[PDB]
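One chain is shown next in structure tokens, namely the form deposited in one PDB entry.
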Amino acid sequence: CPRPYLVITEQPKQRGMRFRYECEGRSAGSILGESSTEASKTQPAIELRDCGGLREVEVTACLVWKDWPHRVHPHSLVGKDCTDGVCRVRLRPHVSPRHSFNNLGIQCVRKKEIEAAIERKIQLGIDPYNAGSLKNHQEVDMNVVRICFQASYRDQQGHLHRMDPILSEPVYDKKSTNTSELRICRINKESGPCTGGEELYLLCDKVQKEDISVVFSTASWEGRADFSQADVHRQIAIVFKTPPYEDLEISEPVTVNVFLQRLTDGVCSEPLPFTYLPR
């Protein structure tokens, strides 16, 4: 027995999106799709399944927490057809691809701002899963929210139906440092021997001195260079000693791309070309 439902045919870029404060209004950088990549910019989309016979559906994108207690999240999705944390778009299949939410944007609140907003939210009747009344605030992440899509329709007689809620892949803030995509701007030099112990400077983007590592890669190889937290200068320049390569004496050098990797969630930069040499 088939029942209408919607699905996320494209999650929102899990990382790279910067949240904005009320005091900044909108911006030219909206939420992207998992795919994307500067050449083919994609937008987070959904689709309605087995919805024929439904003259028109209505979907409502609205951030919610992230884990088990999926209470309405303080921040709010700003953009087209929105108003409060809830971008709405009426729909009639005979298309049904659900656009993909184009300019969609997140507008973060302030660590103090919470309680109110989140409270003024349910007060306003916005809660995809319903929280409660006794204390709706504890440890809230202002750096990771999650889009929750919903859909509903009437039938013959007004009585509307609500097709089960759909969560999205967790979205992280680009400024929350610990939760941003790591990257390596420059790098001291790309030559260097194969032995190791070669001091190599590395100008990277924002990263915490107590949770950052750099690993040189190869054939299923993963050697990580050593360096103490006292080497990481103001989270923007990691300085390290070059590690050794899988015991080799070969005269023909090889590509051993390196990259930043977070000890917290393993996430990591986009590799950077560096090759060893002989003894």
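Numbering starts at 1 and follows the sequence shown. Superpose the two forms; the largest set of C-alphas matching within 1.5 Å is the rigid core.
This protein has a second form, the form deposited in another entry, left out of what is shown; the following refers to that one.
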*asked:* On a rigid core superposition, would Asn130 pass a 2 Å threshold for CA movement between this form and the one not shown?
replied: no
*C-alpha of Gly29 moved at least 2 Å between this form and the one not shown on rigid core*: yes
*Quick one: core overlaid, is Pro97 moving 2 Å or more at the Cα between this form and the one not shown?*
yes
*Direction of Cα pair change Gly29-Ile106 in the other entry, magnitude 3 angstroms or more*: closer
*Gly29 and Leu272: do their C-alpha atoms lie closer or farther in the other entry than in the form you see, with a change of 3 Å or more?*
farther
